Trainee: 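Would you mind keeping the following structure in view while I ask a few things?
Residue numbers begin at 1 in each chain, while the letters A, B, ... track the order of the sequences.
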Amino acid sequence: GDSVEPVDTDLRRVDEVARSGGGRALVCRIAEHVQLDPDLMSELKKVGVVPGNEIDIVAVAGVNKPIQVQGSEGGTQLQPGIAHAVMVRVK
Amino acid sequence: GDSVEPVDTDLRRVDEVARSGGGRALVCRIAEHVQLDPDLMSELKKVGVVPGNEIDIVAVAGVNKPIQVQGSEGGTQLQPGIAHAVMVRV
Amino acid sequence: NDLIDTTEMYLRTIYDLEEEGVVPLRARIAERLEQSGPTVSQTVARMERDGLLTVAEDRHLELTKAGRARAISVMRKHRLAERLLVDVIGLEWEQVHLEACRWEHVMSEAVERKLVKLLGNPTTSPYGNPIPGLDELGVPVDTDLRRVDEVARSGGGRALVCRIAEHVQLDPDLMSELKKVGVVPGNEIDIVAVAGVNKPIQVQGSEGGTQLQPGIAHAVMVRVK
Amino acid sequence: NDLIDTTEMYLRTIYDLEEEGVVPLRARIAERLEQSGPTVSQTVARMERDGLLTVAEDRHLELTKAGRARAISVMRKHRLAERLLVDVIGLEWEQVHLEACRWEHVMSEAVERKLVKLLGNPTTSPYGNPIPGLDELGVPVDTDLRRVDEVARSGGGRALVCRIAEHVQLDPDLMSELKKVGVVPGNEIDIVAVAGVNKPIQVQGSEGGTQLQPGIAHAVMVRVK
Amino acid sequence: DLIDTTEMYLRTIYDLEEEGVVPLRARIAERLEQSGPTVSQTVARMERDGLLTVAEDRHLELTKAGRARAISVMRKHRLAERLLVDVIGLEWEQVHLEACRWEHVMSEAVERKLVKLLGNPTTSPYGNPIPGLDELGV
Amino acid sequence: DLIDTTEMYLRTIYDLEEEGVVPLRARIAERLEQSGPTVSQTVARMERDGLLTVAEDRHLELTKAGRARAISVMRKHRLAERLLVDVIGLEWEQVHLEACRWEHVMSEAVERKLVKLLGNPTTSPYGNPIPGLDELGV
DNA sequence: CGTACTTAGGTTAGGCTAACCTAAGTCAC
DNA sequence: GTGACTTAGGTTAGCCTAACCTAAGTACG
Ligand SMILES: [Co+2]
Ligand SMILES: [Co+2]
Ligand SMILES: [Co+2]
Ligand SMILES: [Co+2]
Ligand SMILES: [Co+2]
Ligand SMILES: [Co+2]
Ligand SMILES: [Co+2]
Ligand SMILES: [Co+2]
């Protein structure tokens, strides 16, 4: 189940990367929960939060705080539920 | 099955007795078809065409002719379907 | 199980609930006649259309003049049948309700009148239930009566068995038990005290004792000594 | 047997019957969707209540403007799906209708527009059936077409296969047979002569011959040489 | 109206066999006042359930199971008639119409009690033998 | 709306497992926008049919049969998305909402044809792995 | 050429499960 | 005290069989 337990153990969630002190990472997976909001998906496409793109995850502190992300074509604020549902490889 | 095939083989239908040239007979059975008509059953009671009573069956000729019967308290005309559904001993 | 007549049983189930002092909701008809929620609502809609009842704003079922007249008619036939089965035919006490439950649907007013004369103008069923609508067939306070459960919660004590509701009569195994220990009309019982609702009430009859469920204890009426 | 959407299939069955030149009665819907008489009448009453059709005096089903619009919408999705399954995905010819029968209920107009451009503005299904309602999606007299049964009774002769009706496509084993012997759109067949009605028509294709039942022969349209 | 369609079709076929009439669907239509299509359909449903067969000459033959149920209904009918006449005292003419409904709701438990009460009767008040007393155990 | 209630409940539980969230009935209510009683009742039906079990800690555990069905719906979903993006050219944002309905009507026959057409894809256009490709035979 | 029966297309009554709802409780960290 | 879930009583959609009907045929002797 590469779906549930990734074979690539280096795969990490955007919210966990933020809380651990940010970092540059390659976007890999956008979970089905994120895809349900079409307006959000448009915003992710615009700023470049799409699989196969490098993004910058801004360091965050606390729980239920928006995670700030910087893509090739600008930045956006992800909700904690959304940020939890986006997986990346750091560097 | 006394219902379908009578144990007493001497049991005969009123219409068959009439066609064969009448006779004095003891009324035994009134089939369920006859009982459906309450006004008729009242007339059969009044003239005395009831189980246990003797009746006189008038001789008849042909089919689909009303059979005339005489009881203790007078007589009445049975329809062929009704006369067929009443069994007697001669 | 076959109701024989759906309309008559729906009417009689509403009557039973009113007699037991329970609010007649469609949910009650569903659990008692063992039919689906959707089945009951649809059947009640046909009876509302035909004009035998109406659904209130609080969902409780109300019989029309025609509905009440028909319900009483069916109940009269039921309890006259129960009298005939006990007094004349001699069918066992526990099986009589089940039989009467079918007979109530086929009996004519003509036979009802002949039964009133044969049975000597009976006023109660063999289970102490008043026979209604005898006025249209050409012919007590009941305030002092209290429910076994309400007596038990209020302190208990000794009381005379007067009525067993139609609801209780459906279980022949229970009615066999009630007969054995002697929780039958005209017998004294000792009702043990309980605290709060939904508690199994204990009773001690002439030939021993047993446990009544809350809905069973609520259905049995007594006069406290 | 799951219809996915009951309303849409009832609408599409009425459309199919209009295309085959058969009177759309509830009896036809019962036969084709394999549902009981009482089931079909109740479902038609819900669609009548929501103004998607009306029942005439002769009891034939008539689509409203909203009903016809919805029916055409479903059929357009159906035949665009069949095109995609044949032309792009490459699903076997005999299995394509059954797939499209489900897809017609879940396809958006958004996807229909994308499919029109991908498939190059298709006007007919893979079974030669005209794709309707393309005007709403931003995009031939065929009076000379005659039914294989009506050709056989009138003398027979050679003809080009043009349309296979939706009714015929439901049987994959039959569609497997028609494919092999070569009774497919754009192929010549020889329709053998028969007398009267309700008689199995014989046809000789490019790779052999077979027998068509009266309702199958009535559903296959051809142009005679 | 009929209370039980199946039992009334079975008892109607039994009646015709007692009257020495050929039991046809046309006979059932007349006596129960139902249309020909109704009777053909109900007979087909009763044929499906194994209660009768349609012979080559179209006469209705009760099966082992069909006759067992027919006897059961008739026995209940004629015991009900005796109770209605001998005990309850309903008028001689009205009795059959009453027993015609009672025959569908009477348990075998009541029948055995009625046999005791009425002193082992062999006939109805109209002289018709009571069948299937063997099957009660009396 | 949901097209298939059972399949959407199964896929919703699979989604929560992929997100590393605890699969509770409260989570299904939020995401499918259904009342708590509705979700409890539907989950009870799916428990009765042997598709899931409610654990001691009230978390929903898919059975062998439930997981097989969940995998099947997700595989159809993600192959539909690839077809919608790579071939049909539906807008990147609208694709999931389309595939959410397509996942319920796609045969395994089409799935195998889509696998050949799309060149043996291992992921959806959103990077999510395609499960149960073993089960197709590819 | 009337009797028996079939064909064809309905009807109402009386059942069912699946899948949604609100309002007003309980139960537990 | 908010979150999770149960209790209680409904709803519409979409299925079913049994048991009735009429109108207009066919098969027969
Ligand atoms: Co009673
Ligand atoms: Co009853
Ligand atoms: Co098609
Ligand atoms: Co379809
Ligand atoms: Co009688
Ligand atoms: Co009867
Ligand atoms: Co998706
Ligand atoms: Co979905």
Trainee: So does D:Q42 reach the base of H:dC15 with its side chain, donor to acceptor, closer than 3.5 Å?
Mentor: yes
Trainee: So if I take residues 4-18 of chain E and measure heavy-atom distances to DNA chain G, which residues fall below 4.0 Å?
Mentor: none
Trainee: Counting primed atoms plus P, OP1 and OP2 as sugar-phosphate and everything else as base, spell out the protein contacts along nucleotides 3-8 of chain G at 4.0 Å heavy-atom distance: B, S or - for each nucleotide, 5' to 3'.
Mentor: -SSBBB
Trainee: Could you tell me the separation between the CG atom of D:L33 and the OG1 atom of D:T6, rounded to the nearest 0.5 Å?
Mentor: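 Separation between the atoms: 9.0 Å.
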Trainee: Can you confirm whether E:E33 is buried at CD, in the sense that more than 12 heavy atoms of other residues, nucleotides or ligands lie under 6.0 Å from that atom?
Mentor: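 No, CD of E:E33 has 12 or fewer neighbouring heavy atoms, counting only those of other groups under 6.0 Å.
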Trainee: Quick one: do E:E103 and C:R102 make a salt bridge, cutoff under 4.0 Å?
Mentor: no
Trainee: Whether D:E18 and D:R28 form a salt bridge (side-chain N of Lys/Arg under 4.0 Å from carboxylate O of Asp/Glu) is what I want to check.
Mentor: no
Trainee: Please report, rounded to the nearest Å, how far the P atom of G:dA18 is from the CE atom of F:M46.
Mentor: 13 Å
Trainee: Using 4.0 Å as the upper bound for N to carboxylate O, is an ion pair formed by F:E19 and F:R31?
Mentor: yes
Trainee: Are D:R46 and D:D50 within salt-bridge range, i.e. N to O under 4.0 Å?
Mentor: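 No salt bridge links D:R46 with D:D50.
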Trainee: Let me know the distance between CG of F:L32 and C1' of G:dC21, rounded to the nearest Å.
Mentor: 16 Å
Trainee: Represent DNA chain H in dot-bracket notation, 5' to 3'. Only Watson-Crick or G-U wobble pairs with both distances under 3.5 Å count; pseudoknot-style crossings use [ ] and interstrand partners use |.
Mentor: ||||.||||||||||||||||||||||||
Trainee: Which way does the sugar of H:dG14 pucker, north or south, judged by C1'-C2'-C3'-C4'?
Mentor: south
Trainee: Between B:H33 and E:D15, does any side-chain donor sit less than 3.5 Å from a side-chain acceptor?
Mentor: no
Trainee: Can you confirm whether more than 12 heavy atoms, excluding those of D:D58, are under 6.0 Å from its CG atom?
Mentor: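 Enclosed: over 12 neighbouring heavy atoms sit under 6.0 Å from CG of D:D58.
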Trainee: Side chain of D:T39 only, heavy atoms from C-beta on: which candidate in H:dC15, G:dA19, G:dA13 is closest?
Mentor: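 Of the options given, the side chain of D:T39 lies nearest H:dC15.
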Trainee: Which sugar class, north or south, is indicated for H:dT11 by the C1'-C2'-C3'-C4' dihedral?
Mentor: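 North pucker for H:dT11; the sign of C1'-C2'-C3'-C4' is positive.
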Trainee: Quick one: do the D:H78 and D:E166 side chains pair a donor with an acceptor below 3.5 Å?
Mentor: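 Per modelled atom types, D:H78 and D:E166 side chains form a pair under 3.5 Å.
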Trainee: Closer than 3.5 angstrom, by distance alone: can the side chain of E:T63 be matched with the main-chain N or O of E:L51 as a donor-acceptor pair?
Mentor: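 Indeed, once roles are kept as given, a pair shorter than 3.5 Å links the two residues.
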Trainee: What is the distance from CG of E:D1 to P of H:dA19, rounded to the nearest Å?
Mentor: 13 Å
Trainee: Do you see a donor-acceptor pair shorter than 3.5 Å between the side chains of D:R70 and D:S73?
Mentor: no
Trainee: What is the separation between atom CG on C:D2 and atom P on H:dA18, rounded to the nearest whole Å?
Mentor: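 Those two atoms, CG and P, are 14 Å apart.
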Trainee: Would you say E:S35 places a side-chain N or O within less than 4.0 Å of OP1 or OP2 belonging to H:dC21?
Mentor: yes
Trainee: Quick one: CD1 on F:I13 to CG on F:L62, what's the gap to the nearest 0.5 Å?
Mentor: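 Those atoms lie 5.0 Å apart.
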Trainee: Let me know, please, whether D:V55 or F:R48 comes out on the 5' side of the other along DNA chain G by nearest nucleotide.
Mentor: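 The answer here is D:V55.
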Trainee: Between H:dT22 atom P and E:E33 atom CD, what is the distance in whole Å?
Mentor: 12 Å
Trainee: Think D:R46 has a side-chain N or O under 4.0 angstrom from the OP1 or OP2 of H:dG14?
Mentor: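 D:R46 to H:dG14 OP1/OP2: side-chain N or O found under 4.0 Å.
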Trainee: Give the rounded distance in Å between these two atoms: CG of F:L2 and P of H:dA13.
Mentor: 17 Å
Trainee: Atom CD1 of F:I3 to atom P of H:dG14: distance rounded to whole Å?
Mentor: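 Nearest whole value for this atom pair: 13 Å.
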Trainee: Give the rounded distance in Å between these two atoms: CD1 of C:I29 and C1' of H:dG10.
Mentor: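 Rounded to whole Å, this separation is 14 Å.
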